[PDB]
């Protein structure tokens, strides 16, 4: 097909996604792997994972747009605290780009956001999910205080995911920060490169924790190896769940195996997101519009490194059968701040629409 803009595409049904990508990039992402991109990637997961094989379809329809179509229901569950921002940012696109379902908009917006993060893969994108569903029930979203047994079970019940696929999906914590876990600080990053889809989070969760970026008493949080912050440049936060996954025998070797293995991490993430993005649907009934996902920013290709103030003596290793890689350490004895903004500054407020969630 040839779309009104002159673009040649796979199928005519894919055409409408071209001006939607352009509008998302101009209006809320600005081609950056920034705050609003991060919040939309988190929403792709919270929309898709609310589905249960054991409870049946009444519990939820998966990647179905339920967060946008029932904005006063799931976004107010305690485990979804903070998801209101992404929902209120995407509802105006649903109203305007009104030949694309809420469910397709959520998954496609996630693919466009991740393409702004250097090193990310170009996700598969299948289209055609219906625009009608139900609100999901509470209790289906994993939380940072949960055990590994509880987390792996939730992912098995949602879509048959293996432990390898679960840790693969957690490469998204390479481009992720926390606003609600600690009520005294905003935008606490999970690795020292929250604007780059690299393997640093896998390395940095394996370092010994030495302090906290904010208070020492929040549910779901454990000590961080890089807790220093100043002004808006908040220090690194460590979730109990990532820590527990990095040390549990079921997942410790998979966690370590992504350290300094960028192409392996990105291809494994692509494969598991291919499964997550179609929860609630038969993939044989969705059309392939992968050709309209933007081409992702490339990485520089540099190896993973220990950040200044850390080194191999700080590692807490848990995988007996695989050799930890040889990595260099950045010079300096004291911690470097983790910038609040992609261009290195401290000041870069993102667009936020008000809305019903």
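Positions refer to the first chain, counted from 1.
Once the C-alpha B-factors are averaged per stretch, 335-343 and 19-27 rank with 335-343 first.
The question of which stretch, 306-314 or 38-46, has the higher mean Cα B factor is settled in favour of 306-314. Going by the entry's values, 96 shows the largest Cα B-factor out of 275, 150, 238, 96. Across 256, 86, 215, 224, the entry's maximum B-factor at the CA atom is seen for 215. The PDB entry assigns residue 283 a C-alpha temperature factor belonging to the highest third of its chain's modelled residues. When the modelled residues of the chain are ordered by C-alpha B-factor, residue 141 sits in the middle third. In this PDB entry, the Cα temperature factor of residue 62 sits in the bottom third of its chain's modelled residues, the lowest group. Among the modelled residues of its chain, residue 173 has a C-alpha B-factor that falls in the lowest third, as given in the PDB entry. In the PDB entry, residue 247 places in the middle third of its chain by CA B-factor.
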